[PDB]
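Coming up is one lone chain in structure tokens, specifically the form deposited in one PDB entry.
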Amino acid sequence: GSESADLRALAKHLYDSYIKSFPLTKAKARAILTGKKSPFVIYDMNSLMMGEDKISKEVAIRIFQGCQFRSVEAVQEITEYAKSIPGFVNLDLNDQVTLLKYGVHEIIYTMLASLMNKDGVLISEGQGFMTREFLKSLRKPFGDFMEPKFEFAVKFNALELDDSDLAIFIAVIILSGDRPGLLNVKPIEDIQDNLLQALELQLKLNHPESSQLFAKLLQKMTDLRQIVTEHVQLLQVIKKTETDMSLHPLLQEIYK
């Protein structure tokens, strides 16, 4: 459905569903970040130790393990959101699985930028703030999991998107007909075409002075694919440089 009212209705539906699925929105994160109960700041080992008390015995490994756990909850929220995208649950079930498998990390890093500024990232449901410099200080390769993600977040956040923009952007990401192993490509591309039309209209109305925002956002798609390629590389380094690390079933499947 392609008329203006249809696209506006889709935009509103997705925002509604996004607020329903994701407890910590960009609105709530930015209110936390700007101070409007201040989050506990983790900037070094001593503050990490206190933070673990105030908010796997090795440090870089412990941080990564809490990251895994949070990515599991994020995968759960994103799946609930995907089911709300019109047409998604009507697709071939194996294609639903593939779209989530290949889409969740791109969405995780998009939404992680909502929680980040140049100095650090909100953690634990907004109760903590881990500094960029602390994460930079971590031993190879763990030190390397977060830094270009901060590079990405700063430029992404300069686009000034709000939650209502992000709701549709994330849907566009999920409905990507180029995922490996998709059986029925066209039904997915049709849905994405309609989501793209809706995103275009949304940015034009919500950011009328932002020239080529639509194109600029689609370009971040590139940044996201690369980020996820880096993440997978870094998982492979971990396989080589660590001992037994338990992995959540969900993450095992997605990484396969």
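Quick note: we count residues from 1 along the sequence shown, nothing fancier. If you superpose the two forms and keep the largest set of C-alpha atoms that fall within 1.5 Å, you have the rigid core.
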*Is it true that residue 55 has no coordinates in a third or more of the other entries in the comparison?*
yes
_In terms of residues present in the deposited sequence but not modelled, what lies between residue 55 and residue 56: none, 1 to 3, 4 to 9, or 10 or more?_
10 or more
_In terms of residues present in the deposited sequence but not modelled, what lies between residue 36 and residue 37: none, 1 to 3, 4 to 9, or 10 or more?_
1 to 3
*Can you tell me which stretch has the higher mean Cα B-factor, 155-163 or 141-149?*
141-149
*Looking only at CA atoms, which has the higher mean B factor in the entry: 68-76 or 89-97?*
68-76
*Which is it among 198, 60, 188, 42: the one with the largest CA B-factor in the entry?*
60
_Given 47, 192, 212, 222, the residue at which the Cα B factor reaches its maximum_ = 222
*Classify residue 114 as lowest, middle or highest third according to the C-alpha B-factor given in the PDB entry, relative to its own chain.*
lowest
*Among the modelled residues of its chain, does the C-alpha B-factor of residue 9 lie in the lowest, middle or highest third?*
middle
*Going by the entry, which third of its chain does the Cα temperature factor of residue 121 land in?*
middle
*How does residue 135 rank on Cα B-factor within its chain, lowest, middle or highest third?*
highest
*Would you mind ranking residue 184 by its C-alpha B-factor against the rest of the chain and naming the third, lowest, middle or highest?*
middle
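Quick note: we don't show the form deposited in another entry, though the next part is all about it.
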*Honestly, after the rigid core fit, is residue 248 moving at least 2 Å at Cα between the shown form and the other one?*
yes
